[PDB]
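Input: a single structure, listed below in structure tokens.
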Amino acid sequence: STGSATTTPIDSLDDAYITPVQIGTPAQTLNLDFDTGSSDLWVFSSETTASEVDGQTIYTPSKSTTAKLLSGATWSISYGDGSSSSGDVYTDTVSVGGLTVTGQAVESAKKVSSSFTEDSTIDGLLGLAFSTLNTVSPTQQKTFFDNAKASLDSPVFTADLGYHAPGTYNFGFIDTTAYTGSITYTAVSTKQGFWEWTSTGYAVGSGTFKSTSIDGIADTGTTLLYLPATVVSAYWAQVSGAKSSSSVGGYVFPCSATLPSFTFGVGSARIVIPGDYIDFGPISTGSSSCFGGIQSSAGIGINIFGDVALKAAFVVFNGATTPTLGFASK
């Protein structure tokens, strides 16, 4: 089997991407944030505290003839940005782009933090990291990909995020019309539960490539590119007027600037992020100070190849017995 679904930016900055997901019988369609940095599929629901729902579409399990309470199971998750959610668990039928999994753990939110309430466009998350990170207790549950893997034509999914434009998530097959050149595959460590790999170095604009190993994760659920402070300083030093602002919480730059590209290494290959992808617009409405799309990881504890980096590529998440990542230009 295979599946194919369009993913769409939630706003003009590509702050995140939503993908429609069918849950239950009859189908209830919710728009979920596919997140290769986490492993829980959770939804706003009829159980969510009423004051914490503001415009989201909710899953109502009592209206699904295939929903069943997973007796005694609870979940609770905190994300790197400080947001969180928690609740109870049903199993139900879940379909993405024509690919159906029966018995998928659908984690129903009883509580969500303010940043989720305030984002009316995201109805929940669909985790695509390794199932070892799933938070369901006392019986950990599998991700949608893990459940589908054996039925898929090939045990893979691909991320093709657009720049200010829709893109595609495919399950079970590699669309050879979606990229240019060849796909370069690179080793993955699953020891932290992430799609963790090692970049071979970087370049700033037209500058020379610096060969240096950068360990980090391929994370569709993080907006920006978070890299070591040495690398980030080398980038922003090429932008007149750019500076790190403790009050804003990262590097800012004059909105009048033209930003240079940033290249990252994948083995012997190179992925080029155009400068425009690194502009996240005014820090506040009407400001002439703009927020940078490349930021220091020094306070995180891990480097993060988020959407800024991934949307410059066609990315293969290969879940074969030894997982790997593939990157191609497009």
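Following the order of the structure tokens, first chain is A, next is B, and so on, with residues numbered from 1 inside each chain and ligands from 1 in the order they appear.
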Q | residue 90 of chain A surroundings by only C-alpha atoms, 7 Å radius, close-in-sequence under 5 positions cut, as number ranges by chain | A | A: 67-70, 105-107
Write out as a CSV table (one decimal) with N, CA and C atoms, in the first residue's frame which residues come within 10 Å of residue 310 of chain A when counting only C-alpha atoms, dropping same-chain ones fewer than 4 positions away.
```csv
chain,number,residue,atom,x,y,z
A,159,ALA,N,9.2,13.6,3.1
A,159,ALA,CA,8.8,15.0,3.4
A,159,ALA,C,9.2,15.9,2.3
A,160,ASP,N,8.3,16.6,1.6
A,160,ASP,CA,8.6,17.6,0.6
A,160,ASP,C,7.9,18.8,0.9
A,161,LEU,N,8.4,19.6,1.9
A,161,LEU,CA,7.8,20.8,2.3
A,161,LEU,C,8.0,22.0,1.4
A,162,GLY,N,7.0,22.8,1.2
A,162,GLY,CA,7.1,23.9,0.3
A,162,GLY,C,7.6,25.2,1.0
A,218,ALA,N,16.5,15.6,12.2
A,218,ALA,CA,15.6,16.0,11.1
A,218,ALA,C,14.2,16.2,11.7
A,219,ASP,N,13.7,17.4,11.9
A,219,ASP,CA,12.5,17.6,12.7
A,219,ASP,C,11.5,18.5,12.0
A,220,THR,N,10.5,17.9,11.4
A,220,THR,CA,9.5,18.7,10.7
A,220,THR,C,8.6,19.5,11.6
A,223,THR,N,10.2,24.9,13.5
A,223,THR,CA,10.1,25.9,12.4
A,223,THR,C,11.5,26.2,11.8
A,224,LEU,N,12.5,26.5,12.7
A,224,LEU,CA,13.7,27.1,12.4
A,224,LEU,C,14.9,26.1,12.3
A,225,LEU,N,16.1,26.6,11.9
A,225,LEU,CA,17.3,25.8,11.9
A,225,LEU,C,18.1,26.2,13.1
A,271,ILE,N,23.1,20.7,0.2
A,271,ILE,CA,21.7,21.3,0.1
A,271,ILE,C,21.8,22.8,0.4
A,273,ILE,N,20.1,26.3,1.1
A,273,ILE,CA,18.9,27.0,1.6
A,273,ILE,C,18.9,28.5,1.1
A,305,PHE,N,17.7,20.4,12.6
A,305,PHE,CA,17.4,20.7,11.2
A,305,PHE,C,15.8,20.7,11.0
A,306,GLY,N,15.3,21.9,11.3
A,306,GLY,CA,13.8,22.1,11.2
A,306,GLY,C,13.4,22.5,9.8
A,314,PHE,N,14.2,17.4,-0.7
A,314,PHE,CA,13.3,16.3,-0.7
A,314,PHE,C,13.9,15.3,0.3
A,315,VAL,N,13.2,14.9,1.3
A,315,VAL,CA,13.8,14.2,2.5
A,315,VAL,C,13.1,12.8,2.6
A,327,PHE,N,18.6,12.8,1.3
A,327,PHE,CA,18.4,14.2,1.0
A,327,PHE,C,18.7,14.4,-0.5
```
Q: Mind checking which residues fall within 7 Å of residue 330 of chain A, counting only C-alpha atoms, ignoring those fewer than 5 positions away in the same chain, and posting them as a list in words?
A: residues 178, 179, 180, 313 and 314 of chain A
Can you write just those residues out, C-alpha atoms, as a compact mmCIF listing (two decimals), in the first residue's frame?
```txt
# COMPACT_ATOMS: atom_id res chain seq x y z
CA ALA A 178 9.71 15.24 -6.99
CA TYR A 179 13.48 15.90 -6.84
CA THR A 180 16.46 16.73 -9.04
CA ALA A 313 15.20 19.39 0.16
CA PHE A 314 13.29 16.27 -0.68
```
Q. How far is it from atom CA of residue 20 of chain A to atom CA of residue 1 of chain A, in Å with one decimal?
A.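 Atom CA of residue 20 of chain A sits 18.6 Å away from atom CA of residue 1 of chain A.
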Compile a residue-level contact table for segment 120-231 of chain A against segment 27-31 of chain A at a cut-off of 9 Å, reporting for every qualifying residue the shortest atom pair and its distance in Å to one decimal, with only C-alpha atoms counted, rows ordered by chain and ascending number, as a Markdown table.
```
| residue | atom | partner | partner_atom | distance |
| --- | --- | --- | --- | --- |
| A:121 | CA | A:31 | CA | 7.5 |
| A:122 | CA | A:31 | CA | 6.1 |
| A:123 | CA | A:31 | CA | 5.4 |
| A:124 | CA | A:31 | CA | 7.1 |
| A:125 | CA | A:31 | CA | 8.6 |
```
Include N, CA and C atoms and write out the residues we just selected as a PDB file, in the first residue's frame.
```pdb
ATOM      1  N   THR A 121      -5.417  26.869  13.842  1.00  0.00           N
ATOM      2  CA  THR A 121      -5.218  26.131  12.598  1.00  0.00           C
ATOM      3  C   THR A 121      -4.694  24.719  12.806  1.00  0.00           C
ATOM      4  N   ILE A 122      -4.206  24.372  13.996  1.00  0.00           N
ATOM      5  CA  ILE A 122      -3.613  23.055  14.246  1.00  0.00           C
ATOM      6  C   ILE A 122      -4.522  22.280  15.194  1.00  0.00           C
ATOM      7  N   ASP A 123      -5.068  21.165  14.705  1.00  0.00           N
ATOM      8  CA  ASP A 123      -6.020  20.344  15.449  1.00  0.00           C
ATOM      9  C   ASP A 123      -5.342  19.247  16.259  1.00  0.00           C
ATOM     10  N   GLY A 124      -4.030  19.109  16.141  1.00  0.00           N
ATOM     11  CA  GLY A 124      -3.273  18.108  16.866  1.00  0.00           C
ATOM     12  C   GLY A 124      -1.985  17.809  16.130  1.00  0.00           C
ATOM     13  N   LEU A 125      -1.266  16.824  16.654  1.00  0.00           N
ATOM     14  CA  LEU A 125       0.032  16.434  16.119  1.00  0.00           C
ATOM     15  C   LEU A 125      -0.018  14.964  15.713  1.00  0.00           C
TER      16      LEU A 125
END
```
(Q) If you run DSSP on the backbone here, which positions in segment 66-119 of chain A get strand (DSSP E or B)? Please write them as a ChimeraX atom specification. (A) /A:68-78,84-96,99-112
(Q) List as a ChimeraX atom specification the protein and nucleic acid residues near residue 133 of chain A, meaning an atom at most 10 Å away when only C-alpha atoms are counted, but skip any in the same chain fewer than 5 places from it. (A) /A:37-40,77,127,140-143,192-194
Q: In Å, rounded to a single decimal, give me how far atom CA of residue 240 of chain A is from atom CA of residue 265 of chain A.
A: 25.5 Å
Q.
Just want the 10 Å neighbourhood of residue 94 of chain A, counted on only C-alpha atoms, with same-chain residues fewer than 5 positions away dropped. Output as a PyMOL selection string.
A. chain A and resi 21-25+27-29+99-106+144
Q: Do a neighbour search on residue 9 of chain A at 8 Å with only C-alpha atoms, toss out local chain neighbours closer than 4 positions, and write the hits as a ChimeraX atom specification.
A: /A:13-18,162,164-166
(Q) Quick one: residues within 12 Å of residue 231 of chain A, only C-alpha atoms, excluding same-chain residues fewer than 6 positions away - as a PyMOL selection string? (A) chain A and resi 201-204+209-214+225+237-238+262-264+294-298+303
Go ahead and save the picked residues with N, CA, C and O atoms, as a PDB file, in the first residue's frame.
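Written out: result.pdb:
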```pdb
ATOM      1  N   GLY A 201      29.134  19.516   7.066  1.00  0.00           N
ATOM      2  CA  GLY A 201      29.654  20.872   7.232  1.00  0.00           C
ATOM      3  C   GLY A 201      28.723  21.902   6.617  1.00  0.00           C
ATOM      4  O   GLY A 201      27.545  21.627   6.396  1.00  0.00           O
ATOM      5  N   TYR A 202      29.264  23.099   6.354  1.00  0.00           N
ATOM      6  CA  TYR A 202      28.387  24.192   5.948  1.00  0.00           C
ATOM      7  C   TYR A 202      29.154  25.243   5.157  1.00  0.00           C
ATOM      8  O   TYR A 202      30.386  25.308   5.190  1.00  0.00           O
ATOM      9  N   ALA A 203      28.397  26.070   4.436  1.00  0.00           N
ATOM     10  CA  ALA A 203      28.928  27.272   3.809  1.00  0.00           C
ATOM     11  C   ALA A 203      27.932  28.411   3.993  1.00  0.00           C
ATOM     12  O   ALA A 203      26.719  28.195   4.107  1.00  0.00           O
ATOM     13  N   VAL A 204      28.453  29.631   4.006  1.00  0.00           N
ATOM     14  CA  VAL A 204      27.640  30.845   4.108  1.00  0.00           C
ATOM     15  C   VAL A 204      27.721  31.554   2.764  1.00  0.00           C
ATOM     16  O   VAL A 204      28.811  31.932   2.324  1.00  0.00           O
ATOM     17  N   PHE A 209      33.289  26.032   1.625  1.00  0.00           N
ATOM     18  CA  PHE A 209      32.675  25.039   2.488  1.00  0.00           C
ATOM     19  C   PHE A 209      33.619  24.675   3.625  1.00  0.00           C
ATOM     20  O   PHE A 209      34.805  24.396   3.404  1.00  0.00           O
ATOM     21  N   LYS A 210      33.083  24.684   4.844  1.00  0.00           N
ATOM     22  CA  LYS A 210      33.795  24.272   6.046  1.00  0.00           C
ATOM     23  C   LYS A 210      33.428  22.829   6.368  1.00  0.00           C
ATOM     24  O   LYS A 210      32.265  22.522   6.671  1.00  0.00           O
ATOM     25  N   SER A 211      34.419  21.952   6.353  1.00  0.00           N
ATOM     26  CA  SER A 211      34.183  20.550   6.673  1.00  0.00           C
ATOM     27  C   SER A 211      34.241  20.382   8.186  1.00  0.00           C
ATOM     28  O   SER A 211      35.288  20.616   8.817  1.00  0.00           O
ATOM     29  N   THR A 212      33.107  19.996   8.770  1.00  0.00           N
ATOM     30  CA  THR A 212      32.990  19.823  10.209  1.00  0.00           C
ATOM     31  C   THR A 212      31.725  19.029  10.480  1.00  0.00           C
ATOM     32  O   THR A 212      30.729  19.209   9.785  1.00  0.00           O
ATOM     33  N   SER A 213      31.788  18.120  11.454  1.00  0.00           N
ATOM     34  CA  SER A 213      30.646  17.258  11.751  1.00  0.00           C
ATOM     35  C   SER A 213      29.657  17.960  12.670  1.00  0.00           C
ATOM     36  O   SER A 213      30.010  18.418  13.758  1.00  0.00           O
ATOM     37  N   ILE A 214      28.393  17.971  12.267  1.00  0.00           N
ATOM     38  CA  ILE A 214      27.332  18.593  13.033  1.00  0.00           C
ATOM     39  C   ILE A 214      26.239  17.549  13.245  1.00  0.00           C
ATOM     40  O   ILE A 214      25.486  17.241  12.316  1.00  0.00           O
ATOM     41  N   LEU A 225      16.051  26.579  11.933  1.00  0.00           N
ATOM     42  CA  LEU A 225      17.279  25.793  11.875  1.00  0.00           C
ATOM     43  C   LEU A 225      18.146  26.199  13.061  1.00  0.00           C
ATOM     44  O   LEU A 225      18.548  27.357  13.155  1.00  0.00           O
ATOM     45  N   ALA A 237      27.261  37.214  10.746  1.00  0.00           N
ATOM     46  CA  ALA A 237      28.309  38.196  10.512  1.00  0.00           C
ATOM     47  C   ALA A 237      28.319  38.685   9.070  1.00  0.00           C
ATOM     48  O   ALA A 237      28.951  39.706   8.773  1.00  0.00           O
ATOM     49  N   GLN A 238      27.671  37.966   8.171  1.00  0.00           N
ATOM     50  CA  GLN A 238      27.590  38.368   6.771  1.00  0.00           C
ATOM     51  C   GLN A 238      26.405  39.290   6.473  1.00  0.00           C
ATOM     52  O   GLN A 238      26.229  39.705   5.317  1.00  0.00           O
ATOM     53  N   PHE A 262      22.523  29.612   2.845  1.00  0.00           N
ATOM     54  CA  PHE A 262      23.235  28.753   3.779  1.00  0.00           C
ATOM     55  C   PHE A 262      23.235  27.344   3.215  1.00  0.00           C
ATOM     56  O   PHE A 262      22.171  26.804   2.901  1.00  0.00           O
ATOM     57  N   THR A 263      24.414  26.747   3.093  1.00  0.00           N
ATOM     58  CA  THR A 263      24.539  25.402   2.556  1.00  0.00           C
ATOM     59  C   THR A 263      24.908  24.452   3.685  1.00  0.00           C
ATOM     60  O   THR A 263      25.762  24.783   4.521  1.00  0.00           O
ATOM     61  N   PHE A 264      24.278  23.275   3.718  1.00  0.00           N
ATOM     62  CA  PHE A 264      24.680  22.201   4.631  1.00  0.00           C
ATOM     63  C   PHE A 264      25.070  20.927   3.876  1.00  0.00           C
ATOM     64  O   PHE A 264      24.563  20.638   2.790  1.00  0.00           O
ATOM     65  N   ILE A 294      17.846  31.165  11.205  1.00  0.00           N
ATOM     66  CA  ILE A 294      18.947  30.353  11.715  1.00  0.00           C
ATOM     67  C   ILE A 294      19.277  30.893  13.102  1.00  0.00           C
ATOM     68  O   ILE A 294      19.537  32.090  13.254  1.00  0.00           O
ATOM     69  N   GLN A 295      19.265  30.016  14.109  1.00  0.00           N
ATOM     70  CA  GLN A 295      19.405  30.415  15.500  1.00  0.00           C
ATOM     71  C   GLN A 295      20.358  29.448  16.193  1.00  0.00           C
ATOM     72  O   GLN A 295      20.561  28.317  15.741  1.00  0.00           O
ATOM     73  N   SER A 296      20.925  29.897  17.315  1.00  0.00           N
ATOM     74  CA  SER A 296      21.848  29.073  18.074  1.00  0.00           C
ATOM     75  C   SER A 296      21.123  27.945  18.805  1.00  0.00           C
ATOM     76  O   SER A 296      20.057  28.147  19.400  1.00  0.00           O
ATOM     77  N   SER A 297      21.720  26.752  18.778  1.00  0.00           N
ATOM     78  CA  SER A 297      21.241  25.627  19.572  1.00  0.00           C
ATOM     79  C   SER A 297      21.849  25.575  20.970  1.00  0.00           C
ATOM     80  O   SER A 297      21.546  24.642  21.716  1.00  0.00           O
ATOM     81  N   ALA A 298      22.688  26.548  21.345  1.00  0.00           N
ATOM     82  CA  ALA A 298      23.477  26.428  22.572  1.00  0.00           C
ATOM     83  C   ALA A 298      22.621  26.154  23.805  1.00  0.00           C
ATOM     84  O   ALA A 298      23.080  25.492  24.744  1.00  0.00           O
ATOM     85  N   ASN A 303      21.295  20.008  18.082  1.00  0.00           N
ATOM     86  CA  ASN A 303      21.077  20.746  16.845  1.00  0.00           C
ATOM     87  C   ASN A 303      19.823  20.242  16.147  1.00  0.00           C
ATOM     88  O   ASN A 303      19.515  19.039  16.179  1.00  0.00           O
TER      89      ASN A 303
END
```
Q: Tell me which of A:151, A:74, A:95, A:115 sits closest to residue 139 of chain A, counting only C-alpha atoms.
A: A:74
Q: Between A:89, A:126, A:278, A:50, single out the one closest to residue 34 of chain A, counting only C-alpha atoms.
A: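 Counting only C-alpha atoms, the residue closest to residue 34 of chain A is A:126.
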**Q.** segment 84-238 of chain A: residues DSSP assigns to alpha helix (DSSP H), reported as a list in words
**A.** residues 114, 115, 116, 117, 144, 145, 146, 147, 148, 229, 230, 231, 232, 233, 234, 235 and 236 of chain A
Next, write the just-selected residues to a file, as an mmCIF file, in the first residue's frame, keeping N, CA and C atoms as the atom set.
```
data_model
loop_
_atom_site.group_PDB
_atom_site.id
_atom_site.type_symbol
_atom_site.label_atom_id
_atom_site.label_comp_id
_atom_site.auth_asym_id
_atom_site.auth_seq_id
_atom_site.Cartn_x
_atom_site.Cartn_y
_atom_site.Cartn_z
ATOM 1 N N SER A 114 -1.302 26.954 26.420
ATOM 2 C CA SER A 114 -1.877 28.137 25.785
ATOM 3 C C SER A 114 -1.472 28.258 24.319
ATOM 4 N N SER A 115 -0.232 27.898 23.983
ATOM 5 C CA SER A 115 0.187 28.060 22.596
ATOM 6 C C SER A 115 -0.629 27.184 21.654
ATOM 7 N N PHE A 116 -1.095 26.018 22.118
ATOM 8 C CA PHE A 116 -1.964 25.200 21.283
ATOM 9 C C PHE A 116 -3.344 25.834 21.144
ATOM 10 N N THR A 117 -3.937 26.266 22.258
ATOM 11 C CA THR A 117 -5.232 26.944 22.208
ATOM 12 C C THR A 117 -5.201 28.120 21.250
ATOM 13 N N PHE A 144 1.907 6.067 13.764
ATOM 14 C CA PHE A 144 1.170 5.714 12.559
ATOM 15 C C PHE A 144 2.077 5.040 11.541
ATOM 16 N N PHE A 145 3.300 5.543 11.394
ATOM 17 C CA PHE A 145 4.238 4.950 10.443
ATOM 18 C C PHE A 145 4.646 3.548 10.864
ATOM 19 N N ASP A 146 4.977 3.366 12.141
ATOM 20 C CA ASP A 146 5.317 2.040 12.649
ATOM 21 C C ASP A 146 4.185 1.045 12.409
ATOM 22 N N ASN A 147 2.932 1.462 12.635
ATOM 23 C CA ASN A 147 1.802 0.561 12.423
ATOM 24 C C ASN A 147 1.604 0.232 10.946
ATOM 25 N N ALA A 148 1.876 1.183 10.056
ATOM 26 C CA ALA A 148 1.642 0.997 8.625
ATOM 27 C C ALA A 148 2.791 0.302 7.918
ATOM 28 N N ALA A 229 26.701 27.698 18.066
ATOM 29 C CA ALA A 229 26.840 29.153 18.094
ATOM 30 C C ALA A 229 27.946 29.640 17.165
ATOM 31 N N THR A 230 29.023 28.863 17.015
ATOM 32 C CA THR A 230 30.077 29.221 16.065
ATOM 33 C C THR A 230 29.520 29.352 14.651
ATOM 34 N N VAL A 231 28.698 28.385 14.229
ATOM 35 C CA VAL A 231 28.157 28.382 12.869
ATOM 36 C C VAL A 231 27.201 29.550 12.672
ATOM 37 N N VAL A 232 26.338 29.781 13.656
ATOM 38 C CA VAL A 232 25.312 30.810 13.552
ATOM 39 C C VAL A 232 25.948 32.198 13.537
ATOM 40 N N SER A 233 27.006 32.405 14.335
ATOM 41 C CA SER A 233 27.730 33.676 14.304
ATOM 42 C C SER A 233 28.374 33.919 12.944
ATOM 43 N N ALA A 234 28.963 32.873 12.353
ATOM 44 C CA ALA A 234 29.555 33.002 11.024
ATOM 45 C C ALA A 234 28.519 33.386 9.972
ATOM 46 N N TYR A 235 27.300 32.843 10.075
ATOM 47 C CA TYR A 235 26.225 33.246 9.171
ATOM 48 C C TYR A 235 25.845 34.719 9.341
ATOM 49 N N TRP A 236 25.479 35.129 10.566
ATOM 50 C CA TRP A 236 24.924 36.464 10.772
ATOM 51 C C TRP A 236 25.978 37.558 10.633
#
```
Q | Option closest in space to residue 289 of chain A, from A:174, A:257, A:309, A:109 [counting only C-alpha atoms] | A |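 Checking each candidate against residue 289 of chain A, we get A:257 as the closest.
Atom pair atom CA of residue 267 of chain A / atom CA of residue 200 of chain A has a distance of 5.9 Å (rounded to one decimal).
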